[PDB]
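Enquirer: entry.cif is the file, holding mmCIF, C-alpha atoms and all ligand atoms:
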```cif
data_target
loop_
_atom_site.label_atom_id
_atom_site.label_comp_id
_atom_site.auth_asym_id
_atom_site.auth_seq_id
_atom_site.Cartn_x
_atom_site.Cartn_y
_atom_site.Cartn_z
CA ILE A 1 115.40 95.45 94.71
CA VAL A 2 117.01 94.01 97.87
CA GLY A 3 120.30 92.17 97.54
CA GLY A 4 120.75 93.03 93.82
CA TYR A 5 123.40 94.82 91.83
CA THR A 6 123.68 98.04 89.84
CA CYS A 7 122.46 97.03 86.35
CA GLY A 8 124.56 99.59 84.44
CA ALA A 9 123.09 102.51 82.55
CA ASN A 10 120.62 101.51 79.83
CA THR A 11 121.49 97.82 80.03
CA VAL A 12 117.76 97.04 80.62
CA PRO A 13 116.44 99.02 77.67
CA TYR A 14 112.74 97.93 78.05
CA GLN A 15 112.56 99.11 81.71
CA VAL A 16 110.49 102.28 82.13
CA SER A 17 109.73 104.42 85.19
CA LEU A 18 106.15 105.58 85.70
CA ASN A 19 106.22 109.15 86.97
CA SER A 20 103.45 111.27 88.49
CA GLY A 21 105.76 113.99 89.89
CA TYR A 22 108.05 111.23 91.12
CA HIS A 23 108.85 107.58 90.28
CA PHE A 24 106.12 105.33 91.63
CA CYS A 25 106.19 102.03 89.60
CA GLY A 26 108.10 100.24 86.92
CA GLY A 27 106.81 99.03 83.56
CA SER A 28 108.07 97.25 80.44
CA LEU A 29 108.04 98.66 76.88
CA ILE A 30 106.44 96.08 74.57
CA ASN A 31 106.28 98.15 71.30
CA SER A 32 106.83 101.76 70.36
CA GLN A 33 103.31 102.86 71.70
CA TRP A 34 102.65 100.48 74.65
CA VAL A 35 103.87 99.67 78.11
CA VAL A 36 102.95 96.58 80.38
CA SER A 37 102.69 97.31 84.15
CA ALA A 38 100.77 96.13 87.21
CA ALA A 39 97.07 97.07 87.56
CA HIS A 40 97.79 98.08 91.21
CA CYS A 41 100.03 100.85 89.75
CA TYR A 42 96.99 102.48 87.97
CA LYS A 43 96.53 106.23 88.36
CA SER A 44 95.70 109.11 86.11
CA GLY A 45 98.36 111.62 84.99
CA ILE A 46 101.14 109.10 84.21
CA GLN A 47 104.26 110.23 82.37
CA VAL A 48 106.27 107.25 81.05
CA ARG A 49 110.02 107.75 81.36
CA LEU A 50 112.08 105.64 78.96
CA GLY A 51 115.89 105.48 78.69
CA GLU A 52 116.37 106.09 82.44
CA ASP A 53 119.25 105.16 84.63
CA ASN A 54 119.54 107.78 87.38
CA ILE A 55 115.88 108.84 87.79
CA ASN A 56 116.98 112.08 89.55
CA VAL A 57 119.43 113.30 86.88
CA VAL A 58 118.90 114.04 83.20
CA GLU A 59 121.74 111.97 81.64
CA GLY A 60 120.94 112.24 77.98
CA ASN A 61 119.11 109.08 76.86
CA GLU A 62 115.68 109.69 78.34
CA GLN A 63 112.39 110.01 76.47
CA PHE A 64 109.45 111.35 78.52
CA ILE A 65 106.02 110.60 76.94
CA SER A 66 102.68 111.09 78.60
CA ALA A 67 100.05 108.30 78.67
CA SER A 68 97.01 108.75 76.43
CA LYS A 69 95.03 105.76 77.81
CA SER A 70 95.39 103.21 80.59
CA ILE A 71 93.58 99.80 80.41
CA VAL A 72 93.40 97.81 83.65
CA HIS A 73 92.75 94.09 83.05
CA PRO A 74 88.98 93.42 82.93
CA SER A 75 89.23 90.89 85.78
CA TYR A 76 91.67 92.69 88.07
CA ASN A 77 90.73 92.24 91.76
CA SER A 78 92.50 94.77 94.00
CA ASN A 79 91.89 92.71 97.18
CA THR A 80 93.53 89.46 95.96
CA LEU A 81 95.73 91.03 93.26
CA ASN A 82 94.47 88.41 90.85
CA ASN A 83 95.09 89.61 87.23
CA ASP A 84 97.51 92.33 88.33
CA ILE A 85 98.27 93.71 84.84
CA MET A 86 97.48 96.87 82.90
CA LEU A 87 98.43 98.39 79.55
CA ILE A 88 99.39 102.00 79.04
CA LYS A 89 99.40 103.63 75.58
CA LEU A 90 101.81 106.53 74.92
CA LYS A 91 100.57 109.79 73.35
CA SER A 92 103.41 109.54 70.78
CA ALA A 93 105.58 106.63 69.65
CA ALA A 94 108.94 106.14 71.43
CA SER A 95 112.16 106.35 69.32
CA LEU A 96 113.50 102.86 69.52
CA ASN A 97 117.28 102.46 69.76
CA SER A 98 119.84 100.41 71.59
CA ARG A 99 118.94 102.05 74.96
CA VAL A 100 115.15 102.19 74.50
CA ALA A 101 113.85 98.89 73.16
CA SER A 102 110.81 96.69 73.47
CA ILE A 103 110.89 93.30 75.19
CA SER A 104 109.30 90.31 73.46
CA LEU A 105 106.21 88.67 74.89
CA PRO A 106 106.39 84.98 75.68
CA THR A 107 105.02 82.37 73.34
CA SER A 108 104.74 79.71 76.19
CA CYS A 109 104.91 79.89 79.97
CA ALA A 110 108.34 79.48 81.68
CA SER A 111 109.16 76.61 84.04
CA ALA A 112 110.31 76.57 87.62
CA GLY A 113 114.09 76.80 87.76
CA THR A 114 114.30 79.16 84.74
CA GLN A 115 116.76 82.17 85.64
CA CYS A 116 115.20 85.61 85.16
CA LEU A 117 116.27 89.24 85.46
CA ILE A 118 114.15 91.41 87.80
CA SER A 119 114.84 95.14 87.84
CA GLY A 120 113.62 98.40 89.33
CA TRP A 121 114.12 101.54 91.43
CA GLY A 122 112.37 100.13 94.53
CA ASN A 123 113.61 99.92 98.12
CA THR A 124 116.99 98.23 98.54
CA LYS A 125 116.62 97.34 102.31
CA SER A 126 114.66 94.36 103.83
CA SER A 127 114.46 96.23 107.14
CA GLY A 128 114.33 99.98 106.82
CA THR A 129 114.13 102.02 103.64
CA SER A 130 116.61 103.37 101.11
CA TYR A 131 115.61 104.23 97.54
CA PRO A 132 118.25 104.12 94.84
CA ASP A 133 118.79 106.65 92.06
CA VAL A 134 120.11 104.18 89.49
CA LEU A 135 118.48 101.00 88.23
CA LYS A 136 119.01 97.82 90.26
CA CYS A 137 118.95 94.27 88.98
CA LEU A 138 118.58 90.80 90.44
CA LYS A 139 119.02 87.38 88.78
CA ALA A 140 116.48 85.00 90.38
CA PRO A 141 114.93 81.64 89.49
CA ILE A 142 111.26 80.90 89.12
CA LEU A 143 110.15 78.75 92.06
CA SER A 144 107.85 75.74 91.82
CA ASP A 145 104.07 76.33 92.04
CA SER A 146 103.99 74.01 95.00
CA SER A 147 106.59 75.90 97.01
CA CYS A 148 104.91 79.22 96.08
CA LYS A 149 101.56 77.95 97.35
CA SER A 150 103.05 76.61 100.60
CA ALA A 151 104.81 79.91 101.17
CA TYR A 152 101.47 81.81 100.78
CA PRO A 153 98.59 79.51 101.67
CA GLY A 154 95.28 80.40 100.09
CA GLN A 155 96.74 83.34 98.03
CA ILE A 156 98.49 82.12 94.90
CA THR A 157 96.28 81.86 91.79
CA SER A 158 97.01 80.38 88.42
CA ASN A 159 97.86 83.96 87.27
CA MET A 160 100.77 84.24 89.70
CA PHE A 161 104.23 82.71 90.18
CA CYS A 162 106.94 83.06 92.76
CA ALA A 163 110.54 83.80 91.97
CA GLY A 164 113.60 84.43 94.19
CA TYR A 165 115.10 82.65 97.18
CA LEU A 166 113.31 80.95 100.02
CA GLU A 167 116.31 81.73 102.23
CA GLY A 168 115.54 85.46 101.74
CA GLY A 169 118.10 88.20 101.25
CA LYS A 170 117.44 88.86 97.51
CA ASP A 171 113.97 90.05 96.31
CA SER A 172 111.92 92.78 94.66
CA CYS A 173 110.43 95.42 96.94
CA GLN A 174 108.21 98.50 97.24
CA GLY A 175 108.67 100.73 94.17
CA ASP A 176 109.65 97.80 91.90
CA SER A 177 105.94 97.03 91.29
CA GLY A 178 104.86 96.90 87.69
CA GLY A 179 108.43 96.24 86.44
CA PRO A 180 109.79 93.32 84.42
CA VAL A 181 110.78 89.75 85.07
CA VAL A 182 112.55 88.70 81.88
CA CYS A 183 113.57 85.06 81.41
CA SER A 184 115.53 83.91 78.31
CA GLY A 185 114.66 87.19 76.56
CA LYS A 186 110.89 87.10 77.16
CA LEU A 187 108.72 89.11 79.55
CA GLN A 188 107.40 86.33 81.80
CA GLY A 189 106.43 88.35 84.90
CA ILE A 190 105.40 91.66 86.32
CA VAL A 191 106.47 92.63 89.83
CA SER A 192 103.21 92.27 91.80
CA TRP A 193 103.40 91.65 95.63
CA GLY A 194 104.88 89.83 98.57
CA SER A 195 104.94 89.90 102.35
CA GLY A 196 107.63 92.33 103.09
CA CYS A 197 110.84 92.00 101.09
CA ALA A 198 113.64 89.47 101.16
CA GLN A 199 112.19 87.59 104.18
CA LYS A 200 112.71 83.90 104.70
CA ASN A 201 109.99 81.82 103.10
CA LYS A 202 108.29 84.90 101.58
CA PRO A 203 109.55 85.17 97.96
CA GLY A 204 108.27 87.73 95.53
CA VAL A 205 105.01 87.07 93.65
CA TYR A 206 104.72 87.99 89.99
CA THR A 207 101.89 88.31 87.46
CA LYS A 208 102.13 85.36 85.03
CA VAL A 209 102.39 87.27 81.72
CA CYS A 210 102.06 84.16 79.45
CA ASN A 211 98.41 83.95 80.52
CA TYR A 212 97.72 87.44 79.10
CA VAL A 213 99.38 87.48 75.70
CA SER A 214 96.22 87.12 73.60
CA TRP A 215 94.48 89.88 75.70
CA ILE A 216 97.53 92.12 75.24
CA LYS A 217 97.65 91.48 71.48
CA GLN A 218 93.97 91.96 70.86
CA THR A 219 93.91 95.10 73.04
CA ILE A 220 96.80 96.67 71.14
CA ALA A 221 95.17 95.67 67.80
CA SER A 222 92.00 97.67 68.59
CA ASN A 223 93.35 100.62 70.59
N1 LIG B 301 109.10 91.27 97.84
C1 LIG B 301 108.14 91.34 96.68
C2 LIG B 301 107.36 92.61 96.63
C3 LIG B 301 107.35 93.31 95.41
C4 LIG B 301 106.67 94.51 95.35
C5 LIG B 301 106.10 95.11 96.50
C6 LIG B 301 106.18 94.44 97.69
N2 LIG B 301 105.61 95.01 98.93
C7 LIG B 301 105.28 96.46 98.88
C8 LIG B 301 105.16 96.78 100.34
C9 LIG B 301 105.91 95.70 101.13
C10 LIG B 301 106.22 94.56 100.21
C11 LIG B 301 106.82 93.19 97.75
CA CA B 302 117.63 110.28 84.22
#
```
Please rewrite the model in this file as structure tokens.
Expert:
Amino acid sequence: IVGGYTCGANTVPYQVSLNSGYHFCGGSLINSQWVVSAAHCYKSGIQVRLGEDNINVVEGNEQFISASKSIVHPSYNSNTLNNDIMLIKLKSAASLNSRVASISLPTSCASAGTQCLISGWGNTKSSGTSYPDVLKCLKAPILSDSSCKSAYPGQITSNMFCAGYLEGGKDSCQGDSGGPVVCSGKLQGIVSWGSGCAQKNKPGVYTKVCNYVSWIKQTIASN
């Protein structure tokens, strides 16, 4: 997150870190067994780390649970990033509590102008690199479809939305991928891609979760 703020420990209780020896993507806990992330974060050997704040220090609220199964969306295209969503099932159920909690799925899509909370452990510089230990947060509005399309001609599908600031300065970045965009208490986006970070006229692009709710529900119901 570039141009964000320190969230505060465990204030984003659905945020998980995907770990394969190191943090490499965010995700969002959606029930005691299942996490939502980006399909471009797929790999084998994922350990899900819940209850994190400082990802380099054991602080006392963590739960570390290995993945039993990963399901990339059936229509994910890794060249266009269309349908950039996957589900990860945990080998054991998380203990839910005030610091480790699921985030509700939307029941309708959100509108442009809706404020959201974007969070993660990704790069905090728009030029250069610096990776934080503790979780960073950014409040950002959803941008109109039309301004998203004009910012990225030919690349925005109906399964994507832009959020952030056309002036640049405040955005998601490398290492935030797969994490949440929560708007009025619902998971509306997944951190997906952008051209660089926090550049003028290049806002972040997010997987449009409301399009996927019946796939997520039916997948969980049968797996
Ligand atoms: N600025 C949005 C965004 C979110 C996630 C990743 C990325 N990229 C990764 C490499 C450079 C930008 C961008
Ligand atoms: Ca920790």
Enquirer: I'd like the contact shell of residue 141 of chain A - 9 Å cut-off, all atoms listed in the file, skipping same-chain residues fewer than 4 positions apart - returned as a list in words.
Expert: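 Using all atoms listed in the file, the neighbours found are residues 112, 113, 114, 115, 116, 117, 162, 163, 164, 165 and 183 of chain A.
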Enquirer: Keeping only C-alpha atoms, take the residues you just selected and write them out as a PDB file, in the frame of the given file.
Expert:
```pdb
ATOM      1  CA  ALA A 112     110.310  76.570  87.620  1.00  0.00           C
ATOM      2  CA  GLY A 113     114.090  76.800  87.760  1.00  0.00           C
ATOM      3  CA  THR A 114     114.300  79.160  84.740  1.00  0.00           C
ATOM      4  CA  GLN A 115     116.760  82.170  85.640  1.00  0.00           C
ATOM      5  CA  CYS A 116     115.200  85.610  85.160  1.00  0.00           C
ATOM      6  CA  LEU A 117     116.270  89.240  85.460  1.00  0.00           C
ATOM      7  CA  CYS A 162     106.940  83.060  92.760  1.00  0.00           C
ATOM      8  CA  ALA A 163     110.540  83.800  91.970  1.00  0.00           C
ATOM      9  CA  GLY A 164     113.600  84.430  94.190  1.00  0.00           C
ATOM     10  CA  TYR A 165     115.100  82.650  97.180  1.00  0.00           C
ATOM     11  CA  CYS A 183     113.570  85.060  81.410  1.00  0.00           C
TER      12      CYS A 183
END
```
Enquirer: With all atoms listed in the file counted and 6 Å as the cut-off, give the residues of chain A in contact with ligand LIG 301 (chain B), each with its shortest interatomic distance in Å and the pair that gives it, as JSON lines.
Expert:
```
{"residue": "A:171", "atom": "CA", "partner": "B:LIG301", "partner_atom": "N1", "distance": 5.2}
{"residue": "A:172", "atom": "CA", "partner": "B:LIG301", "partner_atom": "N1", "distance": 4.5}
{"residue": "A:173", "atom": "CA", "partner": "B:LIG301", "partner_atom": "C3", "distance": 4.0}
{"residue": "A:174", "atom": "CA", "partner": "B:LIG301", "partner_atom": "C7", "distance": 3.9}
{"residue": "A:176", "atom": "CA", "partner": "B:LIG301", "partner_atom": "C4", "distance": 5.6}
{"residue": "A:177", "atom": "CA", "partner": "B:LIG301", "partner_atom": "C4", "distance": 4.8}
{"residue": "A:191", "atom": "CA", "partner": "B:LIG301", "partner_atom": "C3", "distance": 5.7}
{"residue": "A:192", "atom": "CA", "partner": "B:LIG301", "partner_atom": "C4", "distance": 5.4}
{"residue": "A:193", "atom": "CA", "partner": "B:LIG301", "partner_atom": "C2", "distance": 4.2}
{"residue": "A:194", "atom": "CA", "partner": "B:LIG301", "partner_atom": "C11", "distance": 4.0}
{"residue": "A:195", "atom": "CA", "partner": "B:LIG301", "partner_atom": "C10", "distance": 5.3}
{"residue": "A:196", "atom": "CA", "partner": "B:LIG301", "partner_atom": "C10", "distance": 3.9}
{"residue": "A:197", "atom": "CA", "partner": "B:LIG301", "partner_atom": "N1", "distance": 3.8}
{"residue": "A:198", "atom": "CA", "partner": "B:LIG301", "partner_atom": "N1", "distance": 5.9}
{"residue": "A:204", "atom": "CA", "partner": "B:LIG301", "partner_atom": "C1", "distance": 3.8}
```
Enquirer: Identify, on the basis of all atoms listed in the file, every residue whose closest approach to residue 156 of chain A does not exceed 12 Å; exclude the query and any residue fewer than 6 positions from it along the same chain; express the result as a PyMOL selection string.
Expert: chain A and resi 80-83+144-150+162+192-194+203-208
Enquirer: With all atoms listed in the file as the basis for distance, which of A:128, A:108, A:41, A:51 is at the shortest distance from residue 78 of chain A?
Expert: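 Ranking A:128, A:108, A:41, A:51 by distance to residue 78 of chain A, first place goes to A:41.
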Enquirer: For ligand CA 302 (chain B), which of A:133, A:167, A:52, A:84 is the closest residue, counting all atoms listed in the file?
Expert: A:52
Enquirer: Segment 92-103 of chain A: which residues within 9 Å, counting only C-alpha atoms, same-chain residues fewer than 6 positions away excluded, as a ChimeraX atom specification?
Expert: /A:9-16,28-35,50-52,61-68,182,185-187
Enquirer: Hey, can you check how far atom CA of residue 38 of chain A sits from atom CA of residue 120 of chain A?
Expert: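 That distance, rounded to one decimal, is 13.2 Å.
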Enquirer: Please, which residues in chain A fall within 7 Å of ligand CA 302 (chain B) when counting all atoms listed in the file, and what is the closest atom pair and distance in Å to one decimal for each, ordered by chain then residue number, as JSON lines?
Expert:
```
{"residue": "A:52", "atom": "CA", "partner": "B:CA302", "partner_atom": "CA", "distance": 4.7}
{"residue": "A:53", "atom": "CA", "partner": "B:CA302", "partner_atom": "CA", "distance": 5.4}
{"residue": "A:54", "atom": "CA", "partner": "B:CA302", "partner_atom": "CA", "distance": 4.5}
{"residue": "A:55", "atom": "CA", "partner": "B:CA302", "partner_atom": "CA", "distance": 4.2}
{"residue": "A:56", "atom": "CA", "partner": "B:CA302", "partner_atom": "CA", "distance": 5.7}
{"residue": "A:57", "atom": "CA", "partner": "B:CA302", "partner_atom": "CA", "distance": 4.4}
{"residue": "A:58", "atom": "CA", "partner": "B:CA302", "partner_atom": "CA", "distance": 4.1}
{"residue": "A:59", "atom": "CA", "partner": "B:CA302", "partner_atom": "CA", "distance": 5.1}
{"residue": "A:62", "atom": "CA", "partner": "B:CA302", "partner_atom": "CA", "distance": 6.2}
```
Enquirer: What does the distance from atom CA of residue 216 of chain A to atom CA of residue 154 of chain A come to in Å, to one decimal?
Expert: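 We find that atom CA of residue 216 of chain A and atom CA of residue 154 of chain A lie 27.6 Å from each other.
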Enquirer: So what do you get for atom CA of residue 75 of chain A versus atom CA of residue 123 of chain A, distance-wise?
Expert: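 Distance reported for this atom pair: 28.8 Å.
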Enquirer: With all atoms listed in the file as the basis for distance, which of A:106, A:45, A:169, A:180 is at the shortest distance from residue 91 of chain A?
Expert: A:45
Enquirer: In terms of the shortest atom-to-atom distance over only C-alpha atoms, which of A:46, A:87, A:134, A:1 is closest to residue 217 of chain A?
Expert: A:87
Enquirer: Just the residues within 8 Å of residue 70 of chain A, please, counting all atoms listed in the file, with nothing from its chain fewer than 5 positions along; format it as JSON, numbers by chain.
Expert: {"A": [42, 86, 87, 88, 89]}
Enquirer: Please return, as a list in words, all polymer residues that have at least one atom within 9 Å of the point (109.9, 103.9, 96.7); use only C-alpha atoms and the file's own coordinate frame.
Expert: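 Residues close enough to count: residues 23, 24, 25, 121, 122, 123, 129, 130, 131, 132, 173, 174, 175 and 176 of chain A.
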Enquirer: Fewer than 2 positions away in the same chain doesn't count, so skip those; otherwise give me all residues within 6 Å of segment 136-138 of chain A, counting only C-alpha atoms, as a list in words.
Expert: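 Non-adjacent residues within range: residues 4, 5, 6, 7, 117, 118, 119 and 120 of chain A.
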Enquirer: Please fill the gaps in segment 122-137 of chain A so it has N, CA and C atoms, and write that as a PDB file, keeping the file's coordinate frame.
Expert:
```
ATOM      1  N   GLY A 122     112.999 100.290  93.226  1.00  0.00           N
ATOM      2  CA  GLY A 122     112.370 100.130  94.530  1.00  0.00           C
ATOM      3  C   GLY A 122     113.369 100.047  95.663  1.00  0.00           C
ATOM      4  N   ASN A 123     112.807  99.946  96.846  1.00  0.00           N
ATOM      5  CA  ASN A 123     113.610  99.920  98.120  1.00  0.00           C
ATOM      6  C   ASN A 123     114.667  98.838  98.054  1.00  0.00           C
ATOM      7  N   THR A 124     115.860  99.164  98.517  1.00  0.00           N
ATOM      8  CA  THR A 124     116.990  98.230  98.540  1.00  0.00           C
ATOM      9  C   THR A 124     117.218  97.669  99.969  1.00  0.00           C
ATOM     10  N   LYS A 125     116.381  97.971 100.967  1.00  0.00           N
ATOM     11  CA  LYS A 125     116.620  97.340 102.310  1.00  0.00           C
ATOM     12  C   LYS A 125     115.446  96.494 102.704  1.00  0.00           C
ATOM     13  N   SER A 126     115.735  95.345 103.369  1.00  0.00           N
ATOM     14  CA  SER A 126     114.660  94.360 103.830  1.00  0.00           C
ATOM     15  C   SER A 126     114.093  94.743 105.196  1.00  0.00           C
ATOM     16  N   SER A 127     114.825  95.581 105.900  1.00  0.00           N
ATOM     17  CA  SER A 127     114.460  96.230 107.140  1.00  0.00           C
ATOM     18  C   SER A 127     114.802  97.734 106.932  1.00  0.00           C
ATOM     19  N   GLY A 128     113.896  98.638 107.174  1.00  0.00           N
ATOM     20  CA  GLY A 128     114.330  99.980 106.820  1.00  0.00           C
ATOM     21  C   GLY A 128     114.063 100.313 105.385  1.00  0.00           C
ATOM     22  N   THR A 129     114.387 101.553 105.018  1.00  0.00           N
ATOM     23  CA  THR A 129     114.130 102.020 103.640  1.00  0.00           C
ATOM     24  C   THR A 129     115.293 102.811 103.145  1.00  0.00           C
ATOM     25  N   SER A 130     115.599 102.610 101.853  1.00  0.00           N
ATOM     26  CA  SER A 130     116.610 103.370 101.110  1.00  0.00           C
ATOM     27  C   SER A 130     116.272 103.192  99.626  1.00  0.00           C
ATOM     28  N   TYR A 131     116.038 104.274  98.932  1.00  0.00           N
ATOM     29  CA  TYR A 131     115.610 104.230  97.540  1.00  0.00           C
ATOM     30  C   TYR A 131     116.772 104.622  96.700  1.00  0.00           C
ATOM     31  N   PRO A 132     117.119 103.824  95.679  1.00  0.00           N
ATOM     32  CA  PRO A 132     118.250 104.120  94.840  1.00  0.00           C
ATOM     33  C   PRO A 132     117.907 105.164  93.718  1.00  0.00           C
ATOM     34  N   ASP A 133     118.915 105.802  93.239  1.00  0.00           N
ATOM     35  CA  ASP A 133     118.790 106.650  92.060  1.00  0.00           C
ATOM     36  C   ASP A 133     118.884 105.828  90.745  1.00  0.00           C
ATOM     37  N   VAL A 134     119.827 104.911  90.668  1.00  0.00           N
ATOM     38  CA  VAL A 134     120.110 104.180  89.490  1.00  0.00           C
ATOM     39  C   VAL A 134     119.392 102.829  89.551  1.00  0.00           C
ATOM     40  N   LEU A 135     119.275 102.255  88.350  1.00  0.00           N
ATOM     41  CA  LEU A 135     118.480 101.000  88.230  1.00  0.00           C
ATOM     42  C   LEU A 135     119.170  99.826  88.860  1.00  0.00           C
ATOM     43  N   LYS A 136     118.452  99.038  89.647  1.00  0.00           N
ATOM     44  CA  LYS A 136     119.010  97.820  90.260  1.00  0.00           C
ATOM     45  C   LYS A 136     118.441  96.592  89.604  1.00  0.00           C
ATOM     46  N   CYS A 137     119.239  95.538  89.668  1.00  0.00           N
ATOM     47  CA  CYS A 137     118.950  94.270  88.980  1.00  0.00           C
ATOM     48  C   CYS A 137     119.151  93.120  89.934  1.00  0.00           C
TER      49      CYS A 137
END
```
